[PDB]
Amino acid sequence: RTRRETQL
Amino acid sequence: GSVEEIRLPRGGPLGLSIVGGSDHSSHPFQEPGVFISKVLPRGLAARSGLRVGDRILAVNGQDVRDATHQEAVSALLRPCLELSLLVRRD
Ligand code: NA
């Protein structure tokens, strides 16, 4: 899989 | 464990970071679901009680257990006065 962090 | 509903007052930034979804890896934690990877110290999320680790079960009553990352993001940015997040901790 692909990690993905979203800062909000 | 524990479950908690957190009411966040609100346009500007939440001061949290999410990982996960039905479409991405929870690299820090193959646990399924959307997870708070990071909490801006002294940010909106931090103050309101949110915590690194918390899994997001629902945003303003929308079940996001099985959400994609984008869907969870969408739901977290929908415009609202009160952002209500149901989370599981531990
Ligand atoms: Na709607």
# chains A, B, ... in the order shown; residues from 1 in each chain; ligands from 1
$ interface_residues --of "chain B" --to "chain A" --cutoff "10 Å" --atoms "only C-alpha atoms" --output "tab-separated table (two decimals) with N, CA and C atoms, in the first residue's frame"
chain	number	residue	atom	x	y	z
B	12	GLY	N	-10.61	27.96	9.35
B	12	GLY	CA	-9.20	27.81	9.60
B	12	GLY	C	-8.84	26.37	9.90
B	13	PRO	N	-7.62	26.17	10.35
B	13	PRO	CA	-7.08	24.83	10.45
B	13	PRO	C	-7.47	24.13	11.72
B	14	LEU	N	-7.66	22.79	11.59
B	14	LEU	CA	-7.90	21.88	12.70
B	14	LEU	C	-6.67	21.57	13.53
B	15	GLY	N	-5.47	21.73	13.01
B	15	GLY	CA	-4.31	21.26	13.75
B	15	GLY	C	-4.29	19.77	14.02
B	16	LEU	N	-4.85	18.95	13.13
B	16	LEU	CA	-4.61	17.51	13.15
B	16	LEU	C	-4.12	17.02	11.81
B	17	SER	N	-3.63	15.78	11.82
B	17	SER	CA	-3.19	15.04	10.65
B	17	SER	C	-3.80	13.64	10.70
B	18	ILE	N	-4.30	13.15	9.55
B	18	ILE	CA	-4.87	11.83	9.45
B	18	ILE	C	-4.03	10.96	8.54
B	19	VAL	N	-4.02	9.68	8.88
B	19	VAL	CA	-3.54	8.62	8.00
B	19	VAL	C	-4.67	7.62	7.90
B	20	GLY	N	-4.66	6.84	6.84
B	20	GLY	CA	-5.53	5.70	6.74
B	20	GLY	C	-6.57	5.80	5.64
B	21	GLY	N	-7.61	4.98	5.78
B	21	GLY	CA	-8.71	4.92	4.85
B	21	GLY	C	-8.85	3.53	4.24
B	23	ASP	N	-8.35	2.95	1.43
B	23	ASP	CA	-7.51	2.96	0.23
B	23	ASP	C	-6.02	3.21	0.49
B	24	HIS	N	-5.61	3.48	1.74
B	24	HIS	CA	-4.22	3.75	2.07
B	24	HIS	C	-3.78	2.97	3.32
B	25	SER	N	-2.46	2.97	3.52
B	25	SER	CA	-1.81	2.30	4.63
B	25	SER	C	-1.76	3.20	5.86
B	26	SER	N	-1.99	2.60	7.03
B	26	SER	CA	-1.75	3.27	8.30
B	26	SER	C	-0.30	3.02	8.74
B	27	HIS	N	0.64	3.58	7.98
B	27	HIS	CA	2.06	3.28	8.18
B	27	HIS	C	2.52	3.40	9.64
B	28	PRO	N	2.05	4.38	10.43
B	28	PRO	CA	2.52	4.47	11.82
B	28	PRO	C	1.94	3.41	12.73
B	30	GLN	N	-1.70	-3.73	9.65
B	30	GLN	CA	-2.62	-3.21	8.63
B	30	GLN	C	-3.94	-2.81	9.29
B	35	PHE	N	-7.08	7.34	10.98
B	35	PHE	CA	-6.43	7.52	12.27
B	35	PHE	C	-5.76	8.87	12.38
B	36	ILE	N	-5.79	9.42	13.57
B	36	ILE	CA	-5.15	10.70	13.75
B	36	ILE	C	-3.68	10.42	13.92
B	37	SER	N	-2.89	10.75	12.91
B	37	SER	CA	-1.45	10.61	13.03
B	37	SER	C	-0.82	11.73	13.83
B	38	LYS	N	-1.42	12.91	13.84
B	38	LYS	CA	-0.66	13.97	14.49
B	38	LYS	C	-1.61	15.03	14.97
B	39	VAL	N	-1.22	15.70	16.06
B	39	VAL	CA	-2.05	16.71	16.70
B	39	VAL	C	-1.18	17.93	16.97
B	40	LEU	N	-1.50	19.00	16.32
B	40	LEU	CA	-0.72	20.19	16.50
B	40	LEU	C	-0.79	20.53	17.98
B	45	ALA	N	-7.55	20.91	17.53
B	45	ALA	CA	-7.74	19.52	17.90
B	45	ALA	C	-7.11	19.23	19.24
B	69	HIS	N	-9.60	7.73	2.35
B	69	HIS	CA	-8.91	8.90	2.90
B	69	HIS	C	-9.58	10.17	2.43
B	70	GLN	N	-9.79	10.28	1.12
B	70	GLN	CA	-10.40	11.49	0.57
B	70	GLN	C	-11.77	11.73	1.17
B	73	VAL	N	-11.40	13.16	4.49
B	73	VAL	CA	-10.97	14.56	4.39
B	73	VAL	C	-12.14	15.47	4.03
B	76	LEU	N	-14.24	15.96	6.95
B	76	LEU	CA	-13.64	16.79	7.99
B	76	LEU	C	-13.62	18.28	7.61
B	77	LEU	N	-13.79	18.62	6.34
B	77	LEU	CA	-13.77	20.00	5.89
B	77	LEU	C	-15.14	20.53	5.52
$ residues_around --residues "residue B:65" --least-positions-apart "4" --cutoff "7 Å" --atoms "only C-alpha atoms" --output "list in words"
residues 33, 56, 57 and 58 of chain B
$ residues_near_ligand --ligand "ligand 1" --cutoff "10 Å" --atoms "only C-alpha atoms and all ligand atoms" --output "PyMOL selection string"
chain B and resi 62+75+78
$ write_last_selection --atoms "N, CA and C atoms" --output "PDB file, in the first residue's frame"
ATOM      1  N   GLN B  62     -21.591  11.125  10.314  1.00  0.00           N
ATOM      2  CA  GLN B  62     -21.352  10.339   9.117  1.00  0.00           C
ATOM      3  C   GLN B  62     -20.436   9.195   9.515  1.00  0.00           C
ATOM      4  N   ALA B  75     -15.241  14.958   4.569  1.00  0.00           N
ATOM      5  CA  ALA B  75     -16.145  15.103   5.696  1.00  0.00           C
ATOM      6  C   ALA B  75     -15.565  16.000   6.767  1.00  0.00           C
ATOM      7  N   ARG B  78     -16.150  19.677   5.447  1.00  0.00           N
ATOM      8  CA  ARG B  78     -17.475  20.211   5.222  1.00  0.00           C
ATOM      9  C   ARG B  78     -17.650  21.404   6.139  1.00  0.00           C
TER      10      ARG B  78
END
$ atom_distance --atom1 "atom CA of residue B:54" --atom2 "atom CA of residue B:3"
9.2 Å
